[PDB]
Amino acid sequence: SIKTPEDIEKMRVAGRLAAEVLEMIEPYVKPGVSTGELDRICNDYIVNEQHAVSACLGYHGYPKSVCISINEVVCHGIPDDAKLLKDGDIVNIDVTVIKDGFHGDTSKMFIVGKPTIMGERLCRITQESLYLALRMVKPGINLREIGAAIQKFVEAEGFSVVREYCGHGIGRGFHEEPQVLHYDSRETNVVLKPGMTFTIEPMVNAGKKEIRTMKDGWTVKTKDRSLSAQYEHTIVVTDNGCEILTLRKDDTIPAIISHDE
């Protein structure tokens, strides 16, 4: 629950490595590349260069090192050597690294080639829904307020939030308490405290919120075939706000968010 300064430092390291996988893979995300190849590149980098390990491989039996979800695929897309990226594709790459016992959990959207109207819009709105949630994190606030704020913002755009999946406490365990819902729920009642580490990872559907799992047991798609986007950051709650542990160079939000004067 409450991380020690030394545990937080390990989180900073693990968080940076996860972020750097996403920075590293960027130039490869182009038309013609396979999702299977992107997965190999990520894994080779995590293992051989970061001297770390993917938390995703073998987790609940997951066959790959990273999750790669395209378009109407909501989450848990399986990297496949035959799956080639096309122009106009929106693509999420979700990475979780373990280094020195601690987890770093992050994802971003890439748009392949020329962005379509919906693609640009959904990805922009999804990141912003994460950003506004990030700006709310500080001691004393309830997670319900944060969930409600994401949902309100997303829905005001005419989009929907996926219910089945949520952010989560993170540390030595991939998934720890608390659950971080991206919508208002009567069972959410968690007051944020300094030292808490968790993820915020809104999945946003252009259309309806309902999802469907494929016959592979893994691939989750929107039920109405609409586009779906996701961004994720791992954070630590500080005394006066939060620090984003998985911040990248392409992030347009500061690493340290303070509400003190």
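In this text, residue numbers run from 1 along the sequence as written. Take the two forms, find the largest set of C-alpha atoms that superpose within 1.5 Å, and that set is the rigid core.
Stretch 112-120 is the one, of 112-120 and 147-155, whose CA positions lie farther from the shown form in 9 other deposited structures of this protein once all structures are superposed by the rigid core. Looking at 34-42 and 230-238 together, the entry lists the larger mean B-factor for 34-42, computed on C-alpha atoms.
Look at the C-alpha B-factors of 169-177 and of 83-91. On average they run higher in 83-91. Across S107, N189, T126, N71, the greatest Cα temperature factor reported in the deposited entry is at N189. Placement of the Cα temperature factor of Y62 within the chain: middle third of the modelled residues, per the deposited record. Annotation for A156: C-alpha temperature factor in the highest third relative to the rest of the modelled chain, per the entry.
Per the PDB record, residue ranking by Cα B-factor puts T116 in the highest third of the chain.
Looking at the C-alpha B-factors along this chain, the one for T222 belongs to the middle third.
Sort the chain's modelled residues by C-alpha temperature factor and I78 lands in the highest third, per the entry.
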